[PDB]
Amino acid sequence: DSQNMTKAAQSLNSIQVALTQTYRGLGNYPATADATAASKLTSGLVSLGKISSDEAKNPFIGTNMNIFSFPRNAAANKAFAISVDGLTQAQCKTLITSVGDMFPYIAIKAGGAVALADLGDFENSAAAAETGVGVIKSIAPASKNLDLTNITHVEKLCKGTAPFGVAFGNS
């Protein structure tokens, strides 16, 4: 389908549904200062049965996807991002165009794993998809969101050296 892309889509959907159902009425998502805390958050949610072990798995690398909380219009812990790390460039581009329509926010880390600082702010970081890296889709009104009619965006998407991490966000 490819099988891993289909599985990633399913899992990413299941996780964002679980996060929004669980935490929207609680005012915030759980704090995550760094990727260590993000990893512990995912493991915690598996342990509550909110997401299954298999849904938490990054299908490309076999370990849990990190879940970060990050700011929204300066308010702490008001958005989340599910990070899919360890991708090849091809997997980065394919995944974004396969599941991206389900997420208002998308950011890319080239050459490493997603970190909190890479995420910026859910509402105030403008997308610059013509650069193919960083925030490439967001609700910021000044955003230049990924535009598959633009060959520049298509070619530059997931620019750089591997591994690639892609963060899929919502609030």
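We number the residues from 1 along the sequence you see.
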Would you determine, from the values in the PDB entry, which of 61-69 and 48-56 has the greater average C-alpha temperature factor? 48-56
Which is higher in the entry, the mean Cα B factor of 138-146 or that of 102-110? 138-146
If you rank the chain by CA B-factor, which third does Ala35 end up in: lowest, middle or highest? middle
Hey, what third does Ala162 fall into on Cα B-factor, ranked over its chain? middle
Quick check for you: using the entry's CA B-factors within this chain, is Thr42 in the lowest, middle or highest third? lowest
Relative to the other modelled residues of the same chain, rank the CA B-factor of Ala117 and answer lowest, middle or highest third. highest
Where does the C-alpha B-factor of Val154 rank in its chain, lowest, middle or highest third? lowest
